[PDB]
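> Here it is: the structure, laid out below.
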Amino acid sequence: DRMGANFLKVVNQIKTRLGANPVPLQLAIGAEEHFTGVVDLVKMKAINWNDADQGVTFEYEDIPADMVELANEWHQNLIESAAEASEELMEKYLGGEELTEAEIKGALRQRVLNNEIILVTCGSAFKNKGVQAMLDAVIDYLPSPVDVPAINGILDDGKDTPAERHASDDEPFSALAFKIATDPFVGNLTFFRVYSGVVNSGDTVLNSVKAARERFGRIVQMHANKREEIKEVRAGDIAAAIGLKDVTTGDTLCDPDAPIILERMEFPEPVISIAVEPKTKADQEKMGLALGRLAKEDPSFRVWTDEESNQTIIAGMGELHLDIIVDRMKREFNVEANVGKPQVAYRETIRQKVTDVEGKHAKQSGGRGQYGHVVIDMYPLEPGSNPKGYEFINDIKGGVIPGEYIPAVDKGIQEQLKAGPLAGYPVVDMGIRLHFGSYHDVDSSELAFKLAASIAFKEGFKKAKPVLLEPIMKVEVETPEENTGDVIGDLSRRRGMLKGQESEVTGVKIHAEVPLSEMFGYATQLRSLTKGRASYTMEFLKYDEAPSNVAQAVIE
Amino acid sequence: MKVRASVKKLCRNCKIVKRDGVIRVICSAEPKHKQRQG
Amino acid sequence: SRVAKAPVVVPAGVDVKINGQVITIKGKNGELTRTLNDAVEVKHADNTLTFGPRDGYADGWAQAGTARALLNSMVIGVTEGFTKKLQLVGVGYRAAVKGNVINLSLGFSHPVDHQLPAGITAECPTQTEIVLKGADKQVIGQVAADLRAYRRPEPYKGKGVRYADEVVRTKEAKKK
Amino acid sequence: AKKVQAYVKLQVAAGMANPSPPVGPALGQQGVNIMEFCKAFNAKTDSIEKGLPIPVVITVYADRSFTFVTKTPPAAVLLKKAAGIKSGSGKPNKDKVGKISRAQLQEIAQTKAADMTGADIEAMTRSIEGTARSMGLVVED
RNA sequence: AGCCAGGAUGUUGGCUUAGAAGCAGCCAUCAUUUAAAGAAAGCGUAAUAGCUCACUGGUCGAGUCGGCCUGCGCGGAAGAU
């Protein structure tokens, strides 16, 4: 009931883009605003709908006079669709035996077990135009659990013997576990569907793929919202297999001494990774355990937790989900989150090299004025193979500072090497040479040279432009059309180190090397480049840098 | 139409015609290159 | 000049009515008259029309340089005509001709149906293509440009009403 | 031969079957099956040891057709195939390394004389001396 | 100044080749044919396909073009019973 809504265009657009074979049945009457009839073509009857009511009439009439010929040229393509479905209707399309409403569906229903044609219907949901029409095809074009191939439990490891079991009540019990939601009443819940067999209330239902024992509690059905306790679950209902101790994605819900499934196909990868941070330090005690009931619900929600910084780095496949699981924490889990950046190796390096920085120390701490005017020379970040991140080349002029006071200057430099003048970014792996160490007697101690060395190191960084040693990820992107030229140009805004442009039968896969420091909102940006039309991989390879030049003014 | 005292022929294909007396300069594809005063 | 080296040849089938300054051209399907300025010296000499700038109005080389281009278009417009097709690229936008009226499916809360004057035989082969036919070169643009000014070419999608030969410059979002 | 429709000479070393991305567009001009230009030239590509850029030209036709002209590799890459390195032009008039006499230049010009009507022997001799001086190469006989 | 009009074609023009493939930028800055073509100006652009400047090669068939000096003119120019 919208402008530009041509029914015959879209069904005949599938034969061009999707490449399928749709033969539609319920056509259109009305110029989309005075629309009143939906043209079912098997029975050749138009249906009247409600003046504006939420559901009164179903009045069937004949084909109206304003579409007496388009019904003619389209019904003859309907009755084609059984002569090339079954071989037996081939000789009565041409011989001229009558192609009734009941005879043609007996061939076309068997054309849904192979799925070469889909059955299309135009109408309105909101204007109550078509919804009462759409239900009768479901019992005649959508398959039943007893008309399909039923539960097929193979074996375990012995031999590949796929066994079609019965769809009736006369089999060992069988179900599957999916849509396993949560609740603050019982904890874990499920939305499971039983394919055949009957269970009573109270059972030792196992999960036979992961070797765990569970007991079957009080099962509850819904109107999608309201608790209705379903005691006796019949073959084919959908309910809540409650009280499972541990349960994974798609394992069996089955009594022992019975057939057994072991099947988990297409385990996904949540791609976009944002790092959640608590508000109070009482929150991390309850945000460390947030992974418990949340990640148990679904495999499209991962947490790539770090090894050092101990922040909680989540992983989603869409930020649109990483919206929601924060909002799931908000009013019911009662969490105040401060969503920030993931743990990228931010090891401050150095662009410029300071010549000499003297730590100014002068204080009568221990009686006499403990001096300590020691000077260090900013040495280039030690490269190649350097296991120790602290490379203090203590160059005492003529071994002047004694061994007792060597730890002093060492400690000061080490303290600021692990710290960072930007946001506490470790200036590690940076070799540092001592220029000259002033030494005394009553004016020589630990603080004497420790405090001095501390300031000296920081002073140097202000005139050494510390940049950022950064990890580089192997980023691949799969995009079908010639819209990747805007992508790889916009990828060139982000130091994506290009490898090559390659193609597939439908996709143009681009190969690049992107800084992990330059991830930020990568997912939401390509999703506005690719329009969300992208399915690709993420790996790691090199390690490079990302521009900072913050020592100039930003760094105090 | 941006206004400034200087009409400088800036774009490579920049027409200049004196409509009403005040000069306004006519590009083809760039709307940014069109001034009006001077 | 170039215009002085440009005389116009009237053919058989279009009659001129030279009452000096006022010329009313009796043509094929209309009457294309222009009451020119007094900076012209007109003479349908033998068959090919010759003109002239009057003294005093020595800037009439311009004022009749309009006229030399003018009447050439008039004798070929009253007979052959102008095809002025417009391309409607709009989401749910249609075009349909009835009598001398054009509909405008233009994304509004109310329909716009404007009546179009004489010198117009409009047509519509489809909802996005619309013919206009006419005799004056002015009137075949003036009624066309009014529609285009109701929905100018949008340079972020290519949305709008646009001419057949006109080629827009659509940009990209580049931020979000 | 033909006119304002299409004429570009671009092909690089024919050991690579898949059209290299920058060459792609000269095959992305008038609607080719890119498998056809892969299957046209490989019947004669097995008479070479690959490694040099061999050139072809493209030229088009009305409906879905096309055509192409096979020649021999140019002497510009033949200068830097014998010299070992493929790129020597860092400073033209300040590098004096590497000699090949005129006798090598004419025997890579007979394969031009047996292939093409331009790029003649004696006229290209100063330009095969001219691609030497820009690369920083010497010549004596 | 416009319509036909080839944009004659050696080459990938390197470097560093991931594309820096005349069209990112530094050194060369020759030209196989010179009645028409430069190892080159922008747009298309990761690169190029598309579209031109280059000579207008063929038509119009006469004047035309870019700056220097002065006579004056326009814009610049918005204020408070």
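Chain labels follow the order of the structure tokens: the first chain is A, the next B, and so on; residue numbering restarts at 1 in every chain, and ligands are counted from 1 in their shown order.
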Only residues of chain A matter here; which ones have an atom within 7 Å of chain C, counting only C-alpha atoms? Give them as a PDB file with N, CA, C and O atoms, in the first residue's frame.


```pdb
ATOM      1  N   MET A   3       3.701   3.824  -2.579  1.00  0.00           N
ATOM      2  CA  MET A   3       4.097   4.243  -3.913  1.00  0.00           C
ATOM      3  C   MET A   3       5.294   3.432  -4.388  1.00  0.00           C
ATOM      4  O   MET A   3       6.105   2.951  -3.593  1.00  0.00           O
ATOM      5  N   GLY A   4       5.381   3.260  -5.704  1.00  0.00           N
ATOM      6  CA  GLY A   4       6.465   2.502  -6.301  1.00  0.00           C
ATOM      7  C   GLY A   4       6.450   1.020  -6.019  1.00  0.00           C
ATOM      8  O   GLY A   4       7.466   0.354  -6.239  1.00  0.00           O
ATOM      9  N   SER A 528      29.062   1.708   6.558  1.00  0.00           N
ATOM     10  CA  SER A 528      28.550   2.824   5.784  1.00  0.00           C
ATOM     11  C   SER A 528      29.251   2.977   4.440  1.00  0.00           C
ATOM     12  O   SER A 528      28.793   3.767   3.608  1.00  0.00           O
TER      13      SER A 528
END
```

> Excluding same-chain residues fewer than 3 positions from residue 19 of chain B, what lies within 12 Å of it counting only C-alpha atoms (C1' of nucleotides), as a list in words?

residues 15, 16, 22, 23, 24, 25, 26, 36 and 37 of chain B; 74 and 75 of chain E

> Can you list, as a PyMOL selection string, every residue of segment 174-417 of chain A that DSSP puts in helix (DSSP H, G or I)?

chain A and resi 283-287+290-295+319-330+403-417

> For chain D, report every residue with an atom at most 10 Å from chain A (counting only C-alpha atoms), formatted as a PyMOL selection string.

chain D and resi 18-21

> What's the 10 Å shell around segment 6-12 of chain D, counting only C-alpha atoms (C1' of nucleotides), without same-chain residues fewer than 2 positions away, as a VMD selection string?

(chain D and resid 1 to 4 14 to 16 19 to 20 22 to 24 26 to 27 29 to 30 51 to 61 68 to 69 73) or (chain E and resid 9 11 to 12 21 49)

> Using only C-alpha atoms (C1' of nucleotides), select each residue of chain E with any atom at most 10 Å away from an atom of chain A, and give the selection as a PyMOL selection string.

chain E and resi 18-19+45-47

> Write down as an MDAnalysis selection string the residues belonging to chain C that are assigned strand (DSSP E or B) by DSSP computed on the backbone.

chainID C and resid 8:9 15 18:19 22:26 31:35 43:44 48:50 86:89 97:98 101:104 112:115 123 129:131 160:163

> Using atom CA of residue 190 of chain A and atom CA of residue 251 of chain A as the two end points, give the distance in Å to one decimal.

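Atom CA of residue 190 of chain A sits 12.4 Å away from atom CA of residue 251 of chain A.
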
> Would you list which chain E residues are within 12 Å of chain B using only C-alpha atoms (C1' of nucleotides), as a PyMOL selection string?

chain E and resi 41-43+53+73-77

> For the atom pair atom CA of residue 380 of chain A and atom CA of residue 519 of chain A, what is the interatomic distance in Å to one decimal place?

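Distance between the two atoms: 27.9 Å.
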
> Give the answer as one residue: which of E:79, E:7, E:38, E:1 has the shortest atom-to-atom distance to chain C, using only C-alpha atoms (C1' of nucleotides)?

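Looking at the shortest contact to chain C, the residue is E:1.
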
> Counting only C-alpha atoms (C1' of nucleotides), which residues in chain C sit no more than 10 Å from chain E? For each one, give the nearest pair of atoms and the distance in Å, sorted by chain then residue number, as a tab-separated table.


```
residue	atom	partner	partner_atom	distance
C:1	CA	E:62	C1'	8.8
C:2	CA	E:62	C1'	9.0
C:5	CA	E:62	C1'	9.5
```

> Define the interface residues of chain C facing chain B as those within 12 Å, counting only C-alpha atoms, and report them as number ranges by chain.

C: 155, 167-171
